[PDB]
Amino acid sequence: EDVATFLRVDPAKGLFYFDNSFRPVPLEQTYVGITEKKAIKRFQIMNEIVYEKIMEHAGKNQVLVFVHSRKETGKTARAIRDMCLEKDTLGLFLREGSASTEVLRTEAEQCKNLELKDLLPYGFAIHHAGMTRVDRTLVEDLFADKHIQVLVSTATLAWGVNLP
Amino acid sequence: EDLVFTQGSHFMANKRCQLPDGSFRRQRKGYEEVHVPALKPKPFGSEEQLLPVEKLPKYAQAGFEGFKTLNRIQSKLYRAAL
Amino acid sequence: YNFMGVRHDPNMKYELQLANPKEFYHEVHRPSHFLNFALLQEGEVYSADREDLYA
């Protein structure tokens, strides 16, 4: 109401307030709050939480990991891939789906980004603002086709790309 | 400087935060997991429906390319925006 | 010609110009301090994402 009053909007005709139930996709929100007072332990728990969260929907649905820095997006994507390979859970995202698997394998080979080609063979992917436009568009194109199982990117993708 | 908010965009004016009914939380190991279940959509009104693009004025029909109908929020504010 | 004095010759020729001289340590007087920089190769790929809201 204060914003409507600041904008000179009548509360009866111009006022429209839709709650969270009005969202087209009702999203189950999970909050992971680290309680440890050690910075090193908190960082380790966050990586485990991301790996645990990725494993909850490994082969079920795509995962859109949000990072803060461009280098962290690659480190986080490789961190999840390294944990998946260590636990032998790398094949959950990429099943016997050679149609999708061959496209990722074929697209990873033609990709010029060395960091993206390391995770291109698996379901992992990276989408940062420092990447090339052609490489960034392939990640958006690959993610929109249900090819990239886990997508890691900064906050720029959420605002510049309408890829849910 | 005293009247300003030091947090900036993270300043919270509310002391209490009320969550939904099925919003239980528990601390598993070193972290507290608070899950908010997906809220069920509000039931459609008896005299409210998603109007299609054929009901809006013909001037705005060209802009709505590829959309047969409108969203629930868009349909409820169609007369207040055009 | 103190910095790039290898380009200075006693028997060289020069024309004049009705202008004001630059400082001893001006940008154009020490080209080796401004032109020997390596080009930005594969730079700004891991930089910080900050939008220039005013520009």
# chains A, B, ... in the order shown; residues from 1 in each chain; ligands from 1
>>> residues_around(residues="residue A:35", least_positions_apart="4", cutoff="12 Å", atoms="only C-alpha atoms", output="VMD selection string")
(chain A and resid 39 41 to 43 45 to 46) or (chain B and resid 26 to 33)
>>> closest_atom_pairs(of="chain A", to="chain C", cutoff="9 Å", atoms="only C-alpha atoms", output="CSV")
residue,atom,partner,partner_atom,distance
A:68,CA,C:49,CA,8.7
A:69,CA,C:48,CA,6.6
A:70,CA,C:46,CA,5.4
A:71,CA,C:46,CA,5.6
A:128,CA,C:45,CA,8.5
A:129,CA,C:49,CA,7.1
A:130,CA,C:45,CA,3.9
A:131,CA,C:45,CA,6.2
A:132,CA,C:45,CA,8.7
A:154,CA,C:49,CA,8.3
A:155,CA,C:49,CA,8.5
A:156,CA,C:49,CA,7.5
>>> residues_around(residues="residue A:142", least_positions_apart="5", cutoff="8 Å", atoms="only C-alpha atoms", output="ChimeraX atom specification")
/A:104,147-148
>>> write_last_selection(atoms="N, CA and C atoms", output="mmCIF file, in the first residue's frame")
data_model
loop_
_atom_site.group_PDB
_atom_site.id
_atom_site.type_symbol
_atom_site.label_atom_id
_atom_site.label_comp_id
_atom_site.auth_asym_id
_atom_site.auth_seq_id
_atom_site.Cartn_x
_atom_site.Cartn_y
_atom_site.Cartn_z
ATOM 1 N N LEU A 104 25.258 -34.211 -26.377
ATOM 2 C CA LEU A 104 26.195 -33.601 -25.440
ATOM 3 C C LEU A 104 27.636 -33.957 -25.786
ATOM 4 N N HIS A 147 19.035 -31.504 -22.013
ATOM 5 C CA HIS A 147 20.305 -32.184 -22.235
ATOM 6 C C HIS A 147 21.257 -32.016 -21.055
ATOM 7 N N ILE A 148 21.433 -30.785 -20.581
ATOM 8 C CA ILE A 148 22.312 -30.533 -19.443
ATOM 9 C C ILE A 148 21.549 -30.837 -18.160
#
>>> select_by_dssp(residues="chain A", states="helix (DSSP H, G or I)", output="number ranges by chain")
A: 2-6, 20-22, 39-56, 70-86, 98-110, 114-119, 133-144, 155-160
>>> closest_atom_pairs(of="chain B", to="chain A", cutoff="8 Å", atoms="only C-alpha atoms", output="JSON lines")
{"residue": "B:30", "atom": "CA", "partner": "A:35", "partner_atom": "CA", "distance": 5.6}
{"residue": "B:31", "atom": "CA", "partner": "A:34", "partner_atom": "CA", "distance": 4.2}
{"residue": "B:32", "atom": "CA", "partner": "A:33", "partner_atom": "CA", "distance": 5.0}
{"residue": "B:33", "atom": "CA", "partner": "A:32", "partner_atom": "CA", "distance": 4.8}
{"residue": "B:34", "atom": "CA", "partner": "A:31", "partner_atom": "CA", "distance": 4.9}
{"residue": "B:35", "atom": "CA", "partner": "A:30", "partner_atom": "CA", "distance": 4.2}
{"residue": "B:36", "atom": "CA", "partner": "A:29", "partner_atom": "CA", "distance": 4.7}
{"residue": "B:37", "atom": "CA", "partner": "A:28", "partner_atom": "CA", "distance": 4.5}
{"residue": "B:38", "atom": "CA", "partner": "A:28", "partner_atom": "CA", "distance": 4.1}
{"residue": "B:39", "atom": "CA", "partner": "A:21", "partner_atom": "CA", "distance": 5.3}
{"residue": "B:40", "atom": "CA", "partner": "A:21", "partner_atom": "CA", "distance": 6.0}
{"residue": "B:41", "atom": "CA", "partner": "A:21", "partner_atom": "CA", "distance": 4.8}
{"residue": "B:42", "atom": "CA", "partner": "A:21", "partner_atom": "CA", "distance": 6.2}
{"residue": "B:72", "atom": "CA", "partner": "A:22", "partner_atom": "CA", "distance": 7.7}
{"residue": "B:73", "atom": "CA", "partner": "A:22", "partner_atom": "CA", "distance": 7.4}
{"residue": "B:77", "atom": "CA", "partner": "A:16", "partner_atom": "CA", "distance": 7.9}
{"residue": "B:80", "atom": "CA", "partner": "A:14", "partner_atom": "CA", "distance": 7.0}
>>> residues_around(residues="residue A:136", least_positions_apart="2", cutoff="12 Å", atoms="only C-alpha atoms", output="list in words")
residues 111, 112, 113, 116, 125, 126, 127, 128, 129, 130, 131, 132, 133, 134, 138, 139, 140, 141, 142, 143, 151, 152, 153, 156, 157, 160 and 161 of chain A
>>> decode(residues="stretch 41-59 of chain B", atoms="N, CA and C atoms", output="CSV table (one decimal), in the first residue's frame")
chain,number,residue,atom,x,y,z
B,41,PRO,N,-2.5,-23.5,-5.8
B,41,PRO,CA,-3.1,-22.3,-6.4
B,41,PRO,C,-4.4,-22.0,-5.9
B,42,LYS,N,-4.8,-20.7,-5.8
B,42,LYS,CA,-6.1,-20.2,-5.3
B,42,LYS,C,-7.1,-20.7,-6.3
B,43,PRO,N,-8.3,-21.2,-5.8
B,43,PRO,CA,-9.3,-21.7,-6.7
B,43,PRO,C,-9.8,-20.5,-7.6
B,44,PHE,N,-10.2,-20.9,-8.8
B,44,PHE,CA,-10.7,-19.9,-9.7
B,44,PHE,C,-12.1,-19.4,-9.3
B,45,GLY,N,-12.3,-18.1,-9.5
B,45,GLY,CA,-13.6,-17.6,-9.1
B,45,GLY,C,-14.7,-18.1,-10.0
B,46,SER,N,-15.9,-18.0,-9.5
B,46,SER,CA,-17.1,-18.5,-10.3
B,46,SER,C,-17.3,-17.7,-11.5
B,47,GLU,N,-16.9,-16.4,-11.5
B,47,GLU,CA,-17.1,-15.5,-12.7
B,47,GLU,C,-15.7,-15.0,-13.1
B,48,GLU,N,-14.7,-15.8,-13.1
B,48,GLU,CA,-13.3,-15.5,-13.5
B,48,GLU,C,-12.7,-16.6,-14.3
B,49,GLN,N,-12.2,-16.3,-15.5
B,49,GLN,CA,-11.6,-17.3,-16.3
B,49,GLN,C,-10.5,-16.6,-17.2
B,50,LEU,N,-9.6,-17.5,-17.7
B,50,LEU,CA,-8.5,-17.0,-18.5
B,50,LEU,C,-9.0,-16.6,-19.8
B,51,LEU,N,-9.2,-15.3,-20.1
B,51,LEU,CA,-9.7,-14.8,-21.3
B,51,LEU,C,-8.7,-15.0,-22.4
B,52,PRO,N,-9.1,-15.4,-23.6
B,52,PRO,CA,-8.1,-15.6,-24.7
B,52,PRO,C,-7.8,-14.3,-25.4
B,53,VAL,N,-6.9,-14.3,-26.4
B,53,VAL,CA,-6.5,-13.2,-27.1
B,53,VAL,C,-7.6,-12.6,-28.0
B,54,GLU,N,-8.6,-13.3,-28.2
B,54,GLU,CA,-9.7,-12.9,-29.1
B,54,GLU,C,-10.7,-12.0,-28.3
B,55,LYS,N,-10.5,-11.8,-27.0
B,55,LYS,CA,-11.4,-10.9,-26.3
B,55,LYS,C,-10.8,-9.5,-26.0
B,56,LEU,N,-9.4,-9.4,-26.1
B,56,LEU,CA,-8.8,-8.1,-26.0
B,56,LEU,C,-9.0,-7.3,-27.2
B,57,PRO,N,-8.8,-6.0,-27.1
B,57,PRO,CA,-8.9,-5.1,-28.3
B,57,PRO,C,-8.0,-5.5,-29.5
B,58,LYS,N,-8.5,-5.3,-30.7
B,58,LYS,CA,-7.8,-5.8,-31.9
B,58,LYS,C,-6.4,-5.1,-32.0
B,59,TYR,N,-6.3,-3.9,-31.4
B,59,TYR,CA,-5.0,-3.2,-31.4
B,59,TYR,C,-3.9,-3.9,-30.7
